[PDB]
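Input: a single structure, listed below in structure tokens.
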Amino acid sequence: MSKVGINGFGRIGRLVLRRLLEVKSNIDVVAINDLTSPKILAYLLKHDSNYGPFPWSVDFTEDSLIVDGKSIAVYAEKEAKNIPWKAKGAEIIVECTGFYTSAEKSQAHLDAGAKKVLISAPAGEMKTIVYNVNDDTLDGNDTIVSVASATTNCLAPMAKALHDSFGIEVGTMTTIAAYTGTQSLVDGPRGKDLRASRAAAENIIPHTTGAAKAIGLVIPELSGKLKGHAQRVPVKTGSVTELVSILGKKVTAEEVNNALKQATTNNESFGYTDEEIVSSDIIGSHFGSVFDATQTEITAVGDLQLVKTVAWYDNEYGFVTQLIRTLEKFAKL
Amino acid sequence: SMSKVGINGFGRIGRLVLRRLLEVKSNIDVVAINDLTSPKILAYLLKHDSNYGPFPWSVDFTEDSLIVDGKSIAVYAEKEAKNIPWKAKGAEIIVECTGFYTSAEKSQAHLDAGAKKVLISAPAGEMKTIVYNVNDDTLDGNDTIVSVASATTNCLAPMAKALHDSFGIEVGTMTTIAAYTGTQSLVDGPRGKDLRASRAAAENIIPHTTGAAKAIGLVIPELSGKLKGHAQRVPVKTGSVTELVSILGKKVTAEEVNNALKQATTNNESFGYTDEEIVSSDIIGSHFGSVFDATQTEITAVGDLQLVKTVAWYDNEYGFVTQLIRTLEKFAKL
Amino acid sequence: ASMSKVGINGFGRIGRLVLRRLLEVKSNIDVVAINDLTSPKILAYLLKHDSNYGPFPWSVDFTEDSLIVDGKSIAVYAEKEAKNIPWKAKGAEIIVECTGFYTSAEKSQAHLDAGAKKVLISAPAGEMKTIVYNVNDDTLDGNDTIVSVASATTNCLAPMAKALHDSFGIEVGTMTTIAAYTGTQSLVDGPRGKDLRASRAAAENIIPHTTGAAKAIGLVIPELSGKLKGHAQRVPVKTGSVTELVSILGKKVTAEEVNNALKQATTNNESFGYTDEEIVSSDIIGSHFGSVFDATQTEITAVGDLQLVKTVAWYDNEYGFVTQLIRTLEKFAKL
Amino acid sequence: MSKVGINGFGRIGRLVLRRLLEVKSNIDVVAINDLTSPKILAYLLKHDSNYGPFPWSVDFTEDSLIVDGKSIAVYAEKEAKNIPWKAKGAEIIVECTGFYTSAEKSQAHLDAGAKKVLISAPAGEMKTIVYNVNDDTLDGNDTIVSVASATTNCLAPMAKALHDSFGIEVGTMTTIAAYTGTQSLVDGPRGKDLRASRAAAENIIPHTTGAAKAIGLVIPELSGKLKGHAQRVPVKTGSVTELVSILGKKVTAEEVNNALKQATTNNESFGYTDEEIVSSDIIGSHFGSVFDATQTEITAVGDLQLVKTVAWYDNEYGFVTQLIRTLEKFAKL
Ligand SMILES: NC(=O)c1ccc[n+]([C@@H]2O[C@H](COP(=O)([O-])OP(=O)(O)OC[C@H]3O[C@@H](n4cnc5c(N)ncnc54)[C@H](O)[C@@H]3O)[C@@H](O)[C@H]2O)c1
Ligand SMILES: NC(=O)c1ccc[n+]([C@@H]2O[C@H](COP(=O)([O-])OP(=O)(O)OC[C@H]3O[C@@H](n4cnc5c(N)ncnc54)[C@H](O)[C@@H]3O)[C@@H](O)[C@H]2O)c1
Ligand SMILES: NC(=O)c1ccc[n+]([C@@H]2O[C@H](COP(=O)([O-])OP(=O)(O)OC[C@H]3O[C@@H](n4cnc5c(N)ncnc54)[C@H](O)[C@@H]3O)[C@@H](O)[C@H]2O)c1
Ligand SMILES: NC(=O)c1ccc[n+]([C@@H]2O[C@H](COP(=O)([O-])OP(=O)(O)OC[C@H]3O[C@@H](n4cnc5c(N)ncnc54)[C@H](O)[C@@H]3O)[C@@H](O)[C@H]2O)c1
Ligand SMILES: O=C[C@H](O)COP(=O)(O)O
Ligand SMILES: O=C[C@H](O)COP(=O)(O)O
Ligand SMILES: O=C[C@H](O)COP(=O)(O)O
């Protein structure tokens, strides 16, 4: 399979295309579905507030984009069942709208002529992949799969290394995270969630996330062993995840950092840093997660020990590099 | 006089309408609110405000009402104004703050729904349009639907009126450096047809069209067609500033311009004056529509050819709301 | 009425708010002198116009050597060395030390050498009496001359830790505060002392930041000495901050039980508030508490007999902390 | 002359070095003077909040940086007259501290053994160069020259084009500009300038600038014909300049836009756009100024006409590209 439709050409949907070109995937996006015109999609693709100008030529006609000299159809169907995927023969849908995050909802893509769906968010109790953690669980019979959230892709590799080296008995996560499209520009209704209604660039806003709660889908041994949440803050992209764990062994900071370093060695998904970086330094990361040995903290009172480990993530472009790794393998099975 | 008000669109402007009415102990009673959400969520937004802080009065709710300072306010959720049941609590004057009924044709739906008069919190085409303390004497008993134009009009008009009256404005162009609002985007993505409006508002200087100068003739007839302008939307949450560059009808000094302005702001509850070195956060919470800033006045001249730059601040939320309320109170007593 | 005469050293974010709060509560303390590094004109400007709290609620004027605030004169000095401040000229006895440059008993001694009698330091100042009001203020006595009120973070952390310790025991814990940026940080990337991360553009980054709030908690709650660690993530909000604590407690608990204990500890407690509303950081701006526990963020994670308890409290690290500083000051002045 | 020293390794000073490497200049930076350690300078060079990771290797020693393999001496002399520029033979000093903005002040570098100084700011009535407006005025005997401000580099090529095509009779400028290190993070004393004392990322802050007032140093025919100021706003970099003029001829918008387009043709310093860009789209620009045809406004009543023209500028990297063009020419005289 090498024909891709993008449903939802948003922050994630546009960067998917950017990253496919940057890595020279043999995948071809043949169709984009969204809610707008080729003119406006072209403008958005050409000019990006977080990553700067598109590195390839971009033009449009009434019905397509022309990206690096190649044509991509543009549709504007708000219900997925009506999307004409058959027209250009889109095989794998990268479902990036947020409105089809369940196998039953995303079935609509298959009913409409697609063969597979890769959902760019948590999508309940379905197969959910963090690349370089559990991508060996994918087979040729999977049709609709999830790559969870950016926060999952941050948390999972760090949890996996800790669990493998020391065991995690129980833990809780807080991610201090860049604001996203699901939040509000000015104070006003945003569905049912009271905190999501508040001005995002003017507030620290507590925010629910299932990344720890559903980690069992990616690291079966940790099912039910973690909880967590987010604090959304006023940065445009670039985020950090802290995990406080009770481990299966007594450890030093140095031991923990070394075990992590080893986990990140020749691991294109998971990086390491012992530099004094800040969030803007992760913008444009090609990792899903970058463990930061400078923030490791072991609090020990006799037999009791709390371990705080911290990893950075570009919740836009970093997460996208993982989505694309999963896509490229999904495409071959 | 009319005393019962309905608010359509309990948004940034709608909520501050209620706050200001209670603040000035108005005899006007808000008896109903129409929006698209639950009392619960409206109560949460009313209690907790990112720009102005905690609501200064008690807030509770029921399944179909808010209870504000102990007084019950009906809450409806009709997306079409014609369907709002304004007669249930006898709402007489609707303060129309949704942005979706900005014409006479559109807003007369509230009259079909049982109201008596409508005051629109935005420009609404060529209808009677009032900047209080500029042209509020043009209101009369036969006006049924009226506009108070934009925050930018309320900032620009008193400054332009004073310049027009003292010196003449032959021609001018405005630029307002303005706080971002709800019509903009949190992250880069579609926002109707306007390409700039699609960009992340708190991360960019964004050029932005406004009719404030173009439609100024509704408020100052002598300046009809004599002004143009635009906005640069920037990352501040509220508090904005408007610059006007004019060819005036007289050779002037900065001191003469500033004195003329100071005079126009004397005994004027709508239009303030400052010669302090203020910045935008100092205007948040202002009870004026516009505050002229003498420290920014600039006269550029080569021979007879003279450009005059005058600058006024405005709290595009609360300050504008104070103008809306002054107009509302007068409108209720005609 | 005790009419102690106060001097403020460092008329900065905290120093200016100290005056605001004293006037707001109609304190019997008289502020008679201020020392900074600048002119009365500039201090008058900054006092009148505040980016976080708006217009000063009283009149402000200046002369060549004073501020006039609501009609009352306050002498202005500009002595970069505290020993040279003429605190005796207007009789300033209690100095509120808000510069960041005298954060020890030995450094703040200079105010006593200059003729003051007591110093209250608006920051951690090592192993000296360190007070969080309504946690350990009953340790002050008539013999104290130099005392600390620790950091805003300590004032947020301590009341929540004290309630938890008193109700359930805390065996061990780690804190992270997601916190507004302050004057120690940088506007644009550039050198800022030795702290590399402090060099980075504060309104454009999430910046990890060290704080002693957890590590030194034993000054305030002696039973918890050595049992807590923690750090901050500084973020682009101008004021208003939140502190999370993850604890192993001495007994198994439910979220309700933790929230009820905290509720009880906040009852009739002018220093420590409670909320169960879904507030965000701007809702804490101008708080008159040092800390507001947020029951909505309580989380119990348990596997077998292993339990992690996460408890969360807001704080306005400027005005909120200042209200604690003032309560301490008022008591410290009556002894 | 090919050996350079940088005084002030700040936003401008570090980007000077970045741009010299980027263009593979033959200029050799042999020394840097600042107030801090090599360790801290290395960290700042490597990690940049506006422009991301340094594209070359960076290490340090107790008295040096090692950048792309090459040693650069680091001094910490707060008085320029004490900088030991003769040790590594620095001939031309790029003066980027802001503390030596006059001939009399920057003479110190020549006393310290340098031969020439290029000041990264306005510096009074001395030779002042906006590259591709008046760089022809640089002379073999000049030893101290200025490149004015970022705002001047934005305004001048627009003013030159208008003046050449139509005449500017009189004009006034407002730049809506990114905040800079002369401002304050929190409200507090900032020398004598009261507006500069205010929290820069939380305010619109009027700010005086000489860009227009001193335009006659760059375009002598416009001496005394312009005034202007800035409004500093909460964006980290990327700015815009509006100019309102009385021109010597009646014009259409198309005519103004066409004249500006011609002036930008084969002009490495002056770009054009008719795209609906916003400030983030200018970040990383290699122009001193980019005229934006989309904002052109002609306001006419009878025989009176006001003409508003608008150009974008990256007040950091864009201006630095102009500084380096000027330095390259200067070094060969
Ligand atoms: N932004 C992040 O940090 C991030 C990271 C990882 C995963 N995700 C996930 O990826 C998905 C997309 O997030 P995003 O931040 O790009 O959101 P976004 O809001 O930027 O983009 C959504 C896009 O989908 C379009 N859209 C909405 N409804 C549609 C419909 N019915 N049909 C077609 N197009 C539709 C919108 O026009 C928009 O272009 C979400 O499920 C989100 O949870 C986001
Ligand atoms: N924010 C400002 O600076 C400002 C200043 C002056 C005037 N205005 C004008 O006031 C109006 C409101 O602006 P705002 O900033 O308060 O916008 P907002 O988006 O904050 O509020 C709009 C409110 O109306 C509600 N709504 C939308 N469609 C509706 C419908 N069909 N029926 C009932 N309720 C509906 C929304 O739920 C929201 O609560 C606009 O016309 C705007 O131009 C805004
Ligand atoms: N969030 C907060 O801002 C906060 C909260 C609690 C405690 N504190 C503490 O309070 C103190 C002040 O913090 P701030 O935020 O008000 O800092 P600030 O930088 O806003 O204020 C410092 C003031 O001290 C003056 N100053 C510096 N050196 C001086 C000297 N040698 N003599 C006289 N004046 C001098 C400065 O000019 C400035 O006005 C620090 O110790 C800080 O840790 C700050
Ligand atoms: N940032 C901009 O947008 C911009 C654009 C054009 C020109 N400039 C100008 O360039 C100059 C530098 O601006 P910047 O934004 O890089 O400022 P900055 O504050 O970022 O850098 C100044 C550097 O000089 C150092 N320094 C200060 N005093 C010193 C001394 N006495 N000796 C040696 N080093 C010293 C500082 O430690 C810092 O590294 C100024 O003249 C400024 O007007 C700035
Ligand atoms: O509420 C759902 C998400 O947690 C919000 O943002 P996101 O979907 O872009 O990650
Ligand atoms: O709690 C935080 C401190 O009081 C922060 O202080 P600071 O102003 O010294 O950064
Ligand atoms: O424009 C006047 C000041 O010099 C401020 O900023 P800048 O010097 O970095 O341009």
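By order of appearance in the structure tokens: chains A, B, ..., then residues from 1 within every chain, and ligands from 1 in the order shown.
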
So that I can check the surroundings of range 271-273 of chain C, please list as an NGL selection string every protein, DNA and RNA residue that reaches within 9 Å of it, counting only C-alpha atoms and ignoring chain neighbours fewer than 4 positions away.
:C and (133-135 or 156 or 159-160 or 263 or 265-267 or 288-294 or 320 or 323-324 or 327)

May I have the residues within 8 Å of ligand 1, computed using only C-alpha atoms and all ligand atoms, as number ranges by chain? A: 7-14, 33-36, 76-80, 95-101, 119-122, 148-151, 178-182, 237, 314-316, 319-320; B: 187-190

Pull the helix (DSSP H, G or I) assignments for range 165-308 of chain C out of DSSP run on the backbone, and list those residues as a count of residues only.
-> 35

### Query
Could you work out how far atom 15 (O, counted along the ligand's line) of ligand 2 lies from CA of residue 90 in chain B, giving the answer in Å with one decimal?
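The value is 26.1 Å.
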
Have a look at C:285, C:95, C:34, C:261 and name the one nearest to chain B; count only C-alpha atoms.
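Residue with the minimum atom-to-atom distance to chain B: C:285.
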
Assign secondary structure with DSSP using the backbone only, and return the residues of range 55-200 of chain B in strand (DSSP E) as a VMD selection string. chain B and resid 59 to 62 65 to 68 71 to 76 93 to 96 117 to 120 145 to 147 169 to 179

**OP:** Could you please select, counting only C-alpha atoms, the residues of chain C within 10 Å of chain D and state them as JSON, numbers by chain?
**Re:** {"C": [11, 12, 13, 36, 37, 38, 39, 41, 42, 43, 45, 46, 47, 49, 50, 51, 52, 181, 182, 183, 184, 185, 186, 187, 188, 189, 190, 191, 192, 193, 194, 195, 196, 197, 199, 200, 201, 202, 203, 204, 205, 236, 237, 238]}

Correct to one decimal, the distance CA of residue 129 in chain C-CA of residue 8 in chain C is 19.8 Å
